[PDB]
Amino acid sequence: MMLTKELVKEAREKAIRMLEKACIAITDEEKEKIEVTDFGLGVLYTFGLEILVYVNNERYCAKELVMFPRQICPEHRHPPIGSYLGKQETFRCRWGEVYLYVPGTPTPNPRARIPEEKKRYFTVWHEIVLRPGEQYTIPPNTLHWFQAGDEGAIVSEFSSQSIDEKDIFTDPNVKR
């Protein structure tokens, strides 16, 4: 299965509707530029993310992450690059709910549900549940992953410079 132009358009339209439902104004030019990634894994609705970048420069970045129901962001970390410390980010759930996993003691009875054969590539299990208004901050170079709840989620990212191409994923099949 492959990320086609038709799948991308469908995903953009779904994400645009979710943003509208959450009352988040988006320009026509931004609507066209929403990034759709299946992380190269060919199952967008299982592993994938729809991203609106508000601003990204050498000094700060802000994005809106849209997630369809139970969409999963595969495990990654944002490493130092040259003398750049690496991206630190704060997430704020805006709508729906998200299950975020970071290093720490495994939480019993985690909310996330991962395909059995992909569990090997999820290694952190300390759970943070974020509902609308709630936040959490990930230091640079820290492993993390997240899955939206059964209605999906919109999660804001506020961070230092983003360099998506340099992110390191646990799953060696991922191409960002």
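Quick note: we count residues from 1 along the sequence shown, nothing fancier.
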Higher of the two mean Cα B-factors (150 to 158, 5 to 13; per PDB record) comes from 5 to 13
Assert higher mean C-alpha B factor (77 to 85 or 93 to 101, deposited values) equals 77 to 85
Listed options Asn56, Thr27, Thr137, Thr142: highest C-alpha B factor recorded at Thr27
Chain-relative C-alpha B factor for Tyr121 (record values, thirds): the highest
Among the modelled residues of its chain, the C-alpha B-factor of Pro132 falls in the third labelled lowest
So, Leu41's CA B-factor, relative to its chain, sits in which third? The highest
Among the modelled residues of its chain, the C-alpha B-factor of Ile114 falls in the third labelled highest
Chain thirds by Cα B factor, record data; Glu32 belongs to the highest
